[PDB]
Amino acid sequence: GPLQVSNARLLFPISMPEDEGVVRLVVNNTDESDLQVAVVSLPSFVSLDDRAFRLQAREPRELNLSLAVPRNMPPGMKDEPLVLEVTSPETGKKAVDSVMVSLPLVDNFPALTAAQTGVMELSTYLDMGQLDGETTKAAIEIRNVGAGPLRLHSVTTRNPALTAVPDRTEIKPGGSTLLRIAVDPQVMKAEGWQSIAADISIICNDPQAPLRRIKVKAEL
């Protein structure tokens, strides 16, 4: 529709529950006349007072989403939409669109002791080579070398050809679990990709690196 947005995605920095922080979206009224804009839904972890405004023309206004983590929200990657409802007083009415807002929410580590935290060891680079038309599986061993249980709060992929699921989400000291990875070359083809280079993102209770990324490569 008429409204144009600075970003399809907004991403808070890695944050602890008490962190403050702000993400900025610039919306712009493209077509001709008045746009009436309502922010009809906000992520549960953000604040916005600029919620119901009028817009004249061009690329005029700014929205500043303040971080407000709900008390007792657990750590992990949060992905929630900012929902924008646009009504053109004259030329019709409605278009609805959303911007995905992401938060890498981690543990409050200064409040945790060594007996409560893990240390993650794994391969962070996986080149799967040439796949030639079949869904291809791999497994990365995730190891806990810490003194406490290693907890995998979230394991997320953004690429639609890539999935990753750990066998367990809590790993005792000296123990390990498999991260089962699958790449779908048919999805890559349907998307006109000859190759991918995509991250698996892991949020965990490793105090030295609570957000860990595995780069996965694959070609058709």
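One-based numbering along the sequence shown.
Here 184-192 and 155-163 are compared by their mean Cα B-factor, and 184-192 comes out higher. Looking at mean Cα B-factors across 72-80 and 127-135, the upper value is held by 127-135. Out of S44, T177, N28, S41, it is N28 whose C-alpha atom has the highest B-factor in the PDB entry.
Among all modelled residues in this chain, the alpha-carbon of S66 has a temperature factor (C-alpha) in the middle third. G21: CA B factor lies in the highest third for its chain, per the PDB record. Among all modelled residues in its chain, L3 ranks in the highest third by Cα B-factor. When the modelled residues of the chain are ordered by C-alpha B-factor, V216 sits in the lowest third. The entry lists a Cα temperature factor for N108 that places it in the middle third of the chain's modelled residues.
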